[PDB]
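Engineer: What follows is a single structure, and I will ask about it in a moment.
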Protein chains: 2
Amino acid sequence: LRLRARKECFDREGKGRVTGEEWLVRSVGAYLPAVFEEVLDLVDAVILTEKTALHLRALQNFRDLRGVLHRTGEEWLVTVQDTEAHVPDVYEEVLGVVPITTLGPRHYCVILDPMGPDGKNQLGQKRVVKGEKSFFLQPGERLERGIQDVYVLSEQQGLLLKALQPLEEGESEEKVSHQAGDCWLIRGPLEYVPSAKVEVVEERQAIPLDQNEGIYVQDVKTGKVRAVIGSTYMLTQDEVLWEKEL
Amino acid sequence: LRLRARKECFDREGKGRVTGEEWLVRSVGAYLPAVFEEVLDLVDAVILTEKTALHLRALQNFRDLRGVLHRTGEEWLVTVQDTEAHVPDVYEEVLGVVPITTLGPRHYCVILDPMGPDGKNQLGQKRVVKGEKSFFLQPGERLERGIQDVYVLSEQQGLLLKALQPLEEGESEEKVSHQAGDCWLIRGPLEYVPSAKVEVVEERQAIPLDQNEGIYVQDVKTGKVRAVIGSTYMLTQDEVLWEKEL
C-alpha cells in the first residue's frame, strides 16, 4: 500500500516521515491508513518466472529487503532466486520486464558493451557467448544481430576470416598469431563461430573437379597465375579466379 | 529549495545574507521559508549515469560540497564518482549534459585543443586517442571528424603518409625521422592509425601481375621511367603510372 506524508511525523513502520515522503506498506490484509497517511493505490508484485526478469533503477539512495544499497541512477536485474515476485519500491523506478536470452547448441550472440567485474558497462567493447547458455541481458547491453547461428561446415565448405584486431597467438583454433587485416581460410568437418576479434569475410564453396579438368587461378600476393586441375580443390586464402582470353 | 534574501539578515544555514542573495536548501522533506526568505522553485538533481556527465560553469567565486573552489568563468565536468546526482548551485550555471565518448578497438578520435596539465585548453593543438577508451570530452574540446575508424590493412594494401610536422625519430612505426612535407608508403599485415603529426595522403591498392605482364612506372624524384613486370608489385612512395605512346 503506497502512502504519502502530509505532515512531519512517525508512521506505524516507525520511520521518521518528512512531508511529501512516500513508502510501501508490506502488511497483508485489511489496513487502516493513519490520519497523516494518505491512500494512493495497491501495488502488485511483478511476476517472476525463470523465463522472466524485472529491470529496476533507483530514484535516490535507499536499501532493499535483501540489504543491498542502491545509489541514484543504478540499475539491476531482479532474478527469481531473490523473490518469486518482487514488489517495486517508491524509489525503485521500473524500466520493464526482461525476457531471458536462450541459446541453442548452434546459436551464439555478441553482447555490446559487456558487463564488467566493476558492474559498470564496458564502453566500446563486445563479448561473444555460446554453449546453450540462457541468460537475461545486463542493463545497457544489446545484441548486434540477435543470436547468430553457428557456421557448421564440412570438408567441402570453407570460410575466409580476417583479423580486425591484431595479434592472437591463442584463442585461434590453429593457435597461430596474425597481423592486423590479413586474411586466412578455415576448412574441415567442424562447426565454427567468429571470435570477438576475427571477422568473417566470405564463404568458400566446393569446386568439383575431375581428371583432365580444372580452373585457372591467380596468387594475388605475387600475381602467380596457374591452372589447377584433377582432384577437387577449394581456393586458398589468397588465390582468386583468373580468366582466359582466347 | 532555491531562495532569495529580501533584506539583510541571517538564514537558517547561518550564512550572512546580503539583499538579493540566492542560496540552496539542502534539507529533505517539508520546509518552512523564513519571513525574509522567498520561495522560488524545487531544484532536481541531474541524473548521472556512467554514460552521462554534467557540464557546469561558475557565475562567481564559491565552493562546492567537495570543497573545490570555483573562480568565475571556470568550467568542469561532473563525474559519477563525485555524486550519483549532483544538485546545481545558484552560482553553478549548467551548460548541459555531456554524453560519454566510447571507442571501439578499430576506433580512434582526434581532440582539438586537448586539455593541459594546467587545466586550461591548449590552443592550436590536437591529440589522438585510441584503445577502446571511453571518456567524456573536456570543456572547449571537440572532435575533428567524429571517431575515425582505424585503417586496418593487409600486405596487398598500402597507405601513403606525409610529415606535416618535421622530425619524428620516435613515434613512427619504422622509428625513422623525416623532413617536413616528404611522403612515404606504409604496408603490411597490420592495422594502422594516423599520428597527430603525420597525415594520410592516398591509399595504394593491390596491382595483380603475372609473368610476361606488368606496367610502366616512373620515378618522379629522378624522372626514371621503367617497366615493372612479373610478380605483383604495389607502387612505392614516389613511383607513379607512366603512359605508353604508340
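If you're wondering about the labels, chains in the C-alpha cells are A, B, ... by order shown, residues count from 1 in each chain, ligands from 1 in order shown.
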Would you kindly return, as number ranges by chain, each protein, DNA or RNA residue with an atom no farther than 10 Å from any atom of residue A:24, considering only C-alpha atoms and excluding same-chain residues fewer than 5 positions away?

Structural biologist: A: 1-4, 13, 42-43, 87-90

Engineer: Got time to write the residues from that selection, C-alpha atoms, as a compact mmCIF listing (two decimals), in the first residue's frame?

Structural biologist:
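New file result-v8.txt:
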# COMPACT_ATOMS: atom_id res chain seq x y z
CA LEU A 1 0.00 0.00 0.00
CA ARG A 2 1.62 3.18 -1.32
CA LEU A 3 1.33 6.20 1.01
CA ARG A 4 2.38 9.82 1.49
CA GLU A 13 6.71 1.43 10.40
CA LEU A 42 -2.30 -1.15 -4.16
CA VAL A 43 0.98 -2.17 -5.77
CA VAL A 87 7.28 -5.56 -5.02
CA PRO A 88 8.63 -2.31 -6.51
CA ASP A 89 9.65 0.42 -4.05
CA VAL A 90 8.67 4.09 -4.24

Engineer: Using only C-alpha atoms, determine which residues of chain A fall within 9 Å of chain B; present them as number ranges by chain.

Structural biologist: A: 6-8, 17-21, 60, 71-74, 120-126, 163-166, 178-183, 197, 218-225

Engineer: Go ahead and compute the interatomic distance for atom CA of residue B:78 and atom CA of residue B:136, in Å to one decimal.

Structural biologist: 9.8 Å

Engineer: Which residues are near residue A:196? Cut-off 8 Å, only C-alpha atoms, ignore same chain within fewer than 6 positions. Put them as number ranges by chain.

Structural biologist: A: 110, 126-128

Engineer: Filtering to N, CA and C atoms, could you give me those residues as an mmCIF file, in the first residue's frame?

Structural biologist:
data_model
loop_
_atom_site.group_PDB
_atom_site.id
_atom_site.type_symbol
_atom_site.label_atom_id
_atom_site.label_comp_id
_atom_site.auth_asym_id
_atom_site.auth_seq_id
_atom_site.Cartn_x
_atom_site.Cartn_y
_atom_site.Cartn_z
ATOM 1 N N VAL A 110 26.513 -11.882 -29.739
ATOM 2 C CA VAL A 110 27.516 -10.889 -29.372
ATOM 3 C C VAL A 110 26.901 -9.758 -28.560
ATOM 4 N N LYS A 126 32.789 -5.647 -26.928
ATOM 5 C CA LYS A 126 31.762 -6.638 -27.221
ATOM 6 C C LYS A 126 32.217 -8.026 -26.784
ATOM 7 N N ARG A 127 31.258 -8.905 -26.505
ATOM 8 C CA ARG A 127 31.583 -10.230 -25.986
ATOM 9 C C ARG A 127 30.700 -11.329 -26.565
ATOM 10 N N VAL A 128 31.322 -12.268 -27.269
ATOM 11 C CA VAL A 128 30.615 -13.428 -27.796
ATOM 12 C C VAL A 128 30.221 -14.390 -26.679
#

Engineer: May I have the residues within 10 Å of residue B:159 as an mmCIF file with N, CA and C atoms, in the first residue's frame, using only C-alpha atoms and disregarding those fewer than 6 positions away in the same chain?

Structural biologist:
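Result went into part-v8.cif, see below:
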data_model
loop_
_atom_site.group_PDB
_atom_site.id
_atom_site.type_symbol
_atom_site.label_atom_id
_atom_site.label_comp_id
_atom_site.auth_asym_id
_atom_site.auth_seq_id
_atom_site.Cartn_x
_atom_site.Cartn_y
_atom_site.Cartn_z
ATOM 1 N N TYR B 151 42.670 2.318 -39.796
ATOM 2 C CA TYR B 151 42.969 1.800 -41.122
ATOM 3 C C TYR B 151 43.681 0.456 -41.049
ATOM 4 N N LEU B 153 45.003 -2.876 -42.590
ATOM 5 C CA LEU B 153 45.470 -3.116 -43.949
ATOM 6 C C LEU B 153 46.322 -4.373 -44.063
ATOM 7 N N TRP B 184 55.918 8.976 -47.660
ATOM 8 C CA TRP B 184 56.361 7.586 -47.612
ATOM 9 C C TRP B 184 55.183 6.635 -47.424
ATOM 10 N N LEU B 185 55.212 5.530 -48.161
ATOM 11 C CA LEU B 185 54.187 4.498 -48.069
ATOM 12 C C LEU B 185 54.360 3.627 -46.827
ATOM 13 N N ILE B 186 53.255 3.094 -46.317
ATOM 14 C CA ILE B 186 53.308 2.051 -45.301
ATOM 15 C C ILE B 186 52.474 0.860 -45.773
ATOM 16 N N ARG B 187 52.944 -0.345 -45.466
ATOM 17 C CA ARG B 187 52.312 -1.565 -45.954
ATOM 18 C C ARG B 187 52.650 -2.752 -45.055
ATOM 19 N N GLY B 188 51.745 -3.725 -44.989
ATOM 20 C CA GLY B 188 51.973 -4.926 -44.207
ATOM 21 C C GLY B 188 50.684 -5.515 -43.668
ATOM 22 N N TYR B 192 46.580 0.291 -38.779
ATOM 23 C CA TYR B 192 47.361 1.500 -38.566
ATOM 24 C C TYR B 192 46.476 2.718 -38.347
ATOM 25 N N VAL B 200 47.567 11.224 -43.624
ATOM 26 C CA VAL B 200 47.341 10.337 -44.759
ATOM 27 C C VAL B 200 47.206 11.138 -46.056
ATOM 28 N N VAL B 201 47.700 10.575 -47.154
ATOM 29 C CA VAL B 201 47.616 11.234 -48.451
ATOM 30 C C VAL B 201 46.776 10.420 -49.429
ATOM 31 N N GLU B 202 47.177 9.174 -49.662
ATOM 32 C CA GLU B 202 46.447 8.302 -50.576
ATOM 33 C C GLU B 202 46.629 6.832 -50.210
ATOM 34 N N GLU B 203 45.655 6.012 -50.589
ATOM 35 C CA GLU B 203 45.700 4.585 -50.305
ATOM 36 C C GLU B 203 46.114 3.776 -51.528
ATOM 37 N N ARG B 204 47.341 3.266 -51.518
ATOM 38 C CA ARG B 204 47.794 2.377 -52.580
ATOM 39 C C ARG B 204 46.987 1.085 -52.554
ATOM 40 N N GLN B 205 46.675 0.565 -53.734
ATOM 41 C CA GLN B 205 45.837 -0.621 -53.841
ATOM 42 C C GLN B 205 46.613 -1.735 -54.536
ATOM 43 N N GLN B 237 56.738 4.834 -52.630
ATOM 44 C CA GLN B 237 56.340 6.157 -52.165
ATOM 45 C C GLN B 237 56.327 7.223 -53.259
#

Engineer: Considering only strand (DSSP E or B) as DSSP defines it on the backbone, what residues of stretch 33-236 of chain A qualify? List them as JSON, numbers by chain.

Structural biologist: {"A": [37, 38, 39, 52, 53, 54, 55, 56, 57, 58, 62, 63, 69, 70, 75, 76, 92, 93, 94, 95, 96, 97, 98, 99, 100, 101, 107, 108, 109, 110, 111, 112, 115, 121, 126, 127, 128, 129, 130, 135, 136, 142, 143, 148, 149, 151, 152, 153, 158, 159, 160, 161, 162, 163, 183, 184, 185, 186, 187, 190, 191, 192, 198, 199, 200, 201, 202, 203, 204, 214, 215, 216, 217, 218, 219, 224, 225, 226, 227, 228, 229]}

Engineer: Quick one: pull the distance between atom CA of residue A:115 and atom CA of residue B:52, Å, one decimal.

Structural biologist: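 Between atom CA of residue A:115 and atom CA of residue B:52 the gap is 17.0 Å.
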
Engineer: Would you mind reading off the distance between atom CA of residue A:145 and atom CA of residue A:109, one decimal, in Å?

Structural biologist: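 Computing the Euclidean distance for atom CA of residue A:145 and atom CA of residue A:109 yields 7.8 Å.
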